[PDB]
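Enquirer: just dropping in an experimental structure and the matching sequence.
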Amino acid sequence: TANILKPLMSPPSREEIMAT
Amino acid sequence: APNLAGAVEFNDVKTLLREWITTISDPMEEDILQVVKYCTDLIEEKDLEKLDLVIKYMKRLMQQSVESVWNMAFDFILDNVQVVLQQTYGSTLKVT
Amino acid sequence: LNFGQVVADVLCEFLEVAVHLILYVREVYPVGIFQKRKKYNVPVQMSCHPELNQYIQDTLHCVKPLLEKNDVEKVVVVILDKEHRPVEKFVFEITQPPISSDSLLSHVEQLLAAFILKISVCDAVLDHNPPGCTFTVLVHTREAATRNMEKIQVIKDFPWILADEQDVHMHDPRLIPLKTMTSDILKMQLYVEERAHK
Amino acid sequence: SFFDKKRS
């Protein structure tokens, strides 16, 4: 609804984590 | 699946905007925001044609209107449209 | 009413820790990335992964100016399941009280540590989540106002949008309060809504 | 406001 905001970018998933 | 106020078909959007910018001379932000939501959904639903048309229609009607209000409304609407484009397509709408 | 800038820094610092902690306790990311640390005089987990920390930092950098003006009703850490349906929600509900109460700034670490301690053990009371859960943060604003978007949109690389029905709706929620606290200028409540079969 | 009361 009109008064709820959220980032466009999804956070790094579990995979993109495994390796850093 | 992107609707403005239920308005999904393009021209239903286009009339609905026309009536909105034509009747009202101090629009509630509630409404302004839903247009911004509508446009970012068009980006997310992959409908850049529609969005490019929509942007322009209301660029014309909004900057034509004597209310400065509408003129700032558009600037806001486009700014949010562009930071989202810039992150989804890596581009910014060309607005001549 | 209006929160201050320093209150708003406090709150954001606090939420950063918390979001980190929730992420660990609910196993959104595996424990390999967390490192013990100490805030509010109590132990905590914080990811070491740089991309992760930037996301969260970015998220809260943006929320701050809205807290400054006390323009936020709820910051919400939503945990989504493998099919992008919400399984769990951690809600921070922020309120202004209208004097005899505790001084927030004088007693910061006492007051916020409580929140921190409860999140730490909260798994005792929730059900275990499905695997491959990801997360998101949602900000409920007090008003549906344009200024909110002007102020949150401070990072060109990190845009915000208006969320929809999909992002928010949870089916058959259950409510697990964790903490409530009241003070000089700020009342905050933490609570969990979890999905009835998860 | 406008868009809400617009469902015609």
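Expert: Looks like it came in fine. Numbers count the residues shown, from 1 in each chain, chains lettered A, B, ... in the order given.
Enquirer: for residue C:90, helix, strand, or coil?
Expert: strand (DSSP: H, G, I helix; E, B strand; the rest coil).
Enquirer: that one - nearest residue in space that isn't next to it in sequence?
Expert: Leaving aside its chain neighbours, residue C:90 sits nearest to residue C:77 (4.3 Å; criterion: CB to CB, 6 or more residues apart in numbering or on different chains). For the C-beta atoms, the positions are set from N, CA and C on the backbone; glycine is no exception.
Enquirer: tell me which strands the helix or strand containing the one you found pairs with, and in which orientation.
Expert: According to DSSP states H and E, residue C:77 maps onto strand C:72-80. Pairing partners of strand C:72-80, with direction, according to DSSP bridges: strand C:86-95 (antiparallel), strand C:134-141 (antiparallel).
Enquirer: if we can go back for a sec, thought the residue nearest to residue C:90 was touching residue C:16?
Expert: No: in this structure residue C:77 lies outside contact range of residue C:16 using CB atoms under 8 Å: 11.2 Å.
Enquirer: for chain C, what are the nearby residues on chain A?
Expert: Within chain A, the positions near chain C by CB under 8 Å from any CB of the partner chain are A:1-14, A:16-17, A:20.
Enquirer: contact partners for the closest residue to chain C within chain D?
Expert: Chain C sits closest to residue D:1 of chain D, with a gap of 8.9 Å, by CB to the nearest CB. Residue D:1 is in contact with B:28, B:30, B:31, counting by CB atoms under 8 Å, 6 or more residues apart in numbering or on different chains.
Enquirer: got phi/psi on the residue nearest to residue C:196 when sequence neighbours are not counted?
Expert: Excluding the flanking residues, the one nearest residue C:196 by CB to CB, 6+ apart is residue C:172, at 3.7 Å. Torsion angles at residue C:172 (phi, psi; degrees, to the nearest 10) stand at phi 60, psi 60.
Enquirer: which ones are touching residue C:172?
Expert: Residue C:172 makes contacts with C:195, C:196, C:197, as judged by CB under 8 Å, 6+ apart.
Enquirer: which of those are buried?
Expert: Neighbour-count burial (16 or more other CB atoms under 10 Å in any protein chain shown) is assigned, among those, to residue C:195.
Enquirer: rewinding a little: how far does the strand holding residue C:77 sit from its chain's centre?
Expert: 6 Å (CA atoms, centre = their mean, to the nearest Å).
Enquirer: residues contacting that strand, please?
Expert: Strand C:72-80 is contacted from outside by A:3, C:15, C:18-19, C:22-23, C:26, C:28, C:63, C:66, C:86-94, C:129, C:133-142, C:167-168, using CB under 8 Å, 6+ apart.
Enquirer: filter those residues to the buried ones?
Expert: Those of the contacts of strand C:72-80 that meet the buried threshold are A:3, C:15, C:18-19, C:22-23, C:26, C:28, C:63, C:66, C:86-94, C:129, C:133-141, C:167-168, by 16+ other CB under 10 Å.
Enquirer: packing partners for the top helix by length along chain C?
Expert: Taking DSSP state H as the assignment, the helix of chain C that covers the most residues is helix C:5-25. Contacts defined by 3 or more CB pairs under 8 Å, 6 or more residues apart in numbering or on different chains; DSSP states H and E place helix C:5-25 against strand C:34-39, strand C:42-47, helix C:50-68, strand C:72-80, strand C:86-95, helix C:104-121.
Enquirer: and the longest one, C-alpha only, in CSV?
Expert: Coordinates of the C-alpha atoms in helix C:50-68 are reproduced here as CSV (Å, rounded to 0.1, in the frame of the first residue of the first chain):
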residue,chain,number,x,y,z
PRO,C,50,30.9,-7.2,2.9
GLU,C,51,28.1,-7.2,0.4
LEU,C,52,25.7,-8.2,3.2
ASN,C,53,26.9,-5.4,5.5
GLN,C,54,26.6,-2.8,2.7
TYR,C,55,23.0,-3.8,1.9
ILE,C,56,22.0,-3.3,5.6
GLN,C,57,24.0,-0.2,6.1
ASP,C,58,22.5,1.2,2.9
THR,C,59,19.1,0.3,4.0
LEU,C,60,19.4,2.1,7.3
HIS,C,61,21.4,5.0,6.0
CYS,C,62,18.2,5.8,4.1
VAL,C,63,15.7,5.2,6.9
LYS,C,64,17.5,7.6,9.2
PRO,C,65,16.2,10.9,7.9
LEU,C,66,12.6,9.6,8.2
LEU,C,67,13.3,8.7,11.8
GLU,C,68,14.8,12.2,12.3
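Enquirer: tally of neighbours for the residue in chain C that chain A sits nearest to?
Expert: Of all residues in chain C, residue C:144 sits closest to chain A, at 3.6 Å by CB to the nearest CB. By other CB atoms under 10 Å in any protein chain shown, 20 other residues sit near residue C:144.
Enquirer: surely it touches residue A:3?
Expert: Yes: here residue C:144 reaches residue A:3: they are 4.0 Å apart, a contact under CB under 8 Å.
Enquirer: does stretch B:26-33 reach chain C?
Expert: Yes: contact of stretch B:26-33 with chain C (CB under 8 Å from any CB) involves B:29, B:30, B:32, B:33.
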